[PDB]
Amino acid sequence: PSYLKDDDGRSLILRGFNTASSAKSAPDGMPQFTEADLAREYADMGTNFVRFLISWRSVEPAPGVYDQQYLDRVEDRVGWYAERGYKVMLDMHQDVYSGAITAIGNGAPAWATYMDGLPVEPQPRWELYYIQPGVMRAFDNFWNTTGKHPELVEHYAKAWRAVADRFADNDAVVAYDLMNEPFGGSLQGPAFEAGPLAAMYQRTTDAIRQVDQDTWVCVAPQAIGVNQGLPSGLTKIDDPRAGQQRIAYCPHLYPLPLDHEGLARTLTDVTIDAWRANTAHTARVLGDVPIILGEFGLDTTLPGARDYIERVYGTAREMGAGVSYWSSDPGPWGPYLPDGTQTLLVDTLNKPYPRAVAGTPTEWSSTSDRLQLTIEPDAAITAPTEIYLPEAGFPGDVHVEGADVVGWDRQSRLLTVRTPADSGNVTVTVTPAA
């Protein structure tokens, strides 16, 4: 597997949440999420990553006019993450194109929404709005499948350029997820993904690279089908940056039976297997790129939920993938219920992990009171390997075999270690002090 890297050349293992669904329809475009909420998340789970929802409607409220005050608000939030050592992926988020389709959809500004008078009648489930005539036409106009709106993708790319211009020198921002859950309207499958989808990604990457050379550009397959374990027809995107390509692949995982026991468990288990095979293939097509599982999630009060969650994180670990759980929002899907009570997610996610490794992590494992990590060394890296250790399992000092302890911060829960770079692969084992 390939990894995103920090400025010290360390390989990043990314663990966190999508924050937050509540932003989708917020008038000011911000999630209902405070600095105190992040402090709680960090204290309870030691996360180091966020997929932070932004929106085109908030960036570009009028054609060619970008809202710098909105970007100020996003910058303020990124600051909260920066202060607690997080890396941030900005997600240009949409579901069902736009709020202007009827509160149901979100993403595009009203000026960018052309349903051409075609109907969008009320449906019993939100997902069904995707296939209503007016929504299908909004998407068809966006992709210029209709031939009537070539400007829309160009506007999209330049709104991204505006965002990248603001965040190019932000040390907490590591990735730009170019489009949440792409949907092709009347185009579906490889016709969509290798056609207008790939074309938009190339134009947007190119525009971003006018103002930002170093942030990872993250691309997704179409959501419908591929979310459920079908192959993607997405094709390679060219990164014009001088040096090595910085493109990453950011698919989602949503097995059909969950939308976890008996035949339903078997179906979900083979879905993961299929999803892994397909994800690995497309990551190869894109240039042996790093993988971020940008969304997965379920109602944690469902029987078998913990087994499913643990299986997904083990699979991500084996794949060398980042994870942003959908989502931090209050409710039984999330880490907290609305009254602040912890769900099953907190104890499940609160495990030791390597955050930033001085070399390529070839294999690792962790339990409540043990972490083991094997590193393929890189002599050029001078920064230590940085590891999260939860207090429940590590209430005092650490015992470390295979590395020298550089620092052990019992407040931030960050252990830093140093390993030789001239003795082949090194295995570090961390346990609680006697």
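Numbering starts at 1 and runs along the sequence shown.
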item	value
Entries skipping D259: at least a third of other ones	yes
Missing from the model but present in the deposited sequence, between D259 and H260	4 to 9
Chain break class at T145/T146 - deposited residues not modelled	none
231-239 versus 309-317 - greater average Cα B-factor per the deposited record	231-239
Mean C-alpha temperature factor, higher of 337-345 and 133-141	337-345
Residue selected from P290, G294, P150, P354 by maximal Cα B factor	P150
Selection by C-alpha B-factor (highest) of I104, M92, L197, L253	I104
Third of the chain, ranked by Cα B-factor, where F394 sits	middle
Assigned third (lowest, middle, highest) for the C-alpha B factor of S366	middle
Ranked C-alpha temperature factor of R125 among modelled chain residues, by third	highest
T385, C-alpha B-factor rank within chain (lowest, middle or highest third)	lowest
Ranked C-alpha temperature factor of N425 among modelled chain residues, by third	highest
